[PDB]
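Report on the following structure.
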Amino acid sequence: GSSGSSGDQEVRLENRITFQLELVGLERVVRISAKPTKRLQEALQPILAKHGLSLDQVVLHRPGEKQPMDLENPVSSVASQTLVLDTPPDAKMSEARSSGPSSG
């Protein structure tokens, strides 16, 4: 047992930033590295094109939000906490394969 946690600080940093992504659909935390200046869409561009995804396919939005975050924003603003990825309800061309059906 025994658990804990630590805090973080926010100071100016002119260098490539990185962040984690929540694979809701999947089950694992991924990391994304890219320049801060760049946007969330331009930084994911080489990620979506490298993941067979798209900017109009995936959806970025922190854990416990109301609306999907704007990629237009610089990753420099998404380099602290872990984000969440809401993949589309359909994917064929992609790495790995682990999904199940559902009903109600």
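Going by the structure tokens order, chains are called A, B, ..., each with residues numbered from 1, while ligands are numbered from 1 in the order shown.
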What are the DSSP strand (DSSP E or B) residues of chain A, as a list in words?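 The strand (DSSP E or B) subset of chain A is residues 17, 18, 19, 20, 21, 22, 23, 29, 30, 31, 32, 33, 34, 39, 60, 74, 83, 84 and 85 of chain A.
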Selection from above, C-alpha atoms, as an mmCIF file, in the first residue's frame, can you write it?
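This went into selection.cif:
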data_model
loop_
_atom_site.group_PDB
_atom_site.id
_atom_site.type_symbol
_atom_site.label_atom_id
_atom_site.label_comp_id
_atom_site.auth_asym_id
_atom_site.auth_seq_id
_atom_site.Cartn_x
_atom_site.Cartn_y
_atom_site.Cartn_z
ATOM 1 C CA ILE A 17 8.390 20.333 -24.494
ATOM 2 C CA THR A 18 6.651 16.999 -24.062
ATOM 3 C CA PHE A 19 3.393 15.618 -22.722
ATOM 4 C CA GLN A 20 1.454 12.413 -22.175
ATOM 5 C CA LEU A 21 -1.727 11.256 -23.868
ATOM 6 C CA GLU A 22 -4.523 9.098 -22.510
ATOM 7 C CA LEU A 23 -5.550 6.310 -24.856
ATOM 8 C CA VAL A 29 -0.168 6.321 -21.492
ATOM 9 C CA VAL A 30 1.708 7.626 -24.509
ATOM 10 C CA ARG A 31 4.153 10.508 -24.711
ATOM 11 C CA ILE A 32 4.408 13.246 -27.313
ATOM 12 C CA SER A 33 7.442 15.450 -27.824
ATOM 13 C CA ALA A 34 7.604 18.551 -29.988
ATOM 14 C CA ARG A 39 0.512 24.152 -32.159
ATOM 15 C CA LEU A 60 -7.928 16.269 -27.696
ATOM 16 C CA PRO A 74 0.676 25.802 -28.538
ATOM 17 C CA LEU A 83 -4.149 14.887 -21.911
ATOM 18 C CA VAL A 84 -6.774 12.473 -23.180
ATOM 19 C CA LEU A 85 -7.344 11.195 -26.697
#
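In this structure, atom CA of residue A:63 sits 7.7 Å away from atom CA of residue A:82.
A straight line drawn from atom CA of residue A:38 to atom CA of residue A:69 is 15.3 Å long.
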Set the distance at 8 Å and use only C-alpha atoms: which residues neighbour residue A:36 once local chain neighbours fewer than 5 positions away are removed? I'd like the list as a list in words. residues 14, 15, 16, 17, 74, 75, 76 and 77 of chain A
Let me see the file: selected residues, C-alpha atoms, as a compact mmCIF listing (two decimals), in the first residue's frame.
# COMPACT_ATOMS: atom_id res chain seq x y z
CA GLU A 14 12.53 27.86 -24.23
CA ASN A 15 13.02 24.28 -25.35
CA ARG A 16 11.20 21.31 -26.83
CA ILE A 17 8.39 20.33 -24.49
CA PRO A 74 0.68 25.80 -28.54
CA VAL A 75 1.83 22.56 -26.96
CA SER A 76 3.67 24.89 -24.62
CA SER A 77 0.32 25.14 -22.89
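The interatomic distance for the pair atom CA of residue A:87 and atom CA of residue A:26 works out to 9.2 Å.
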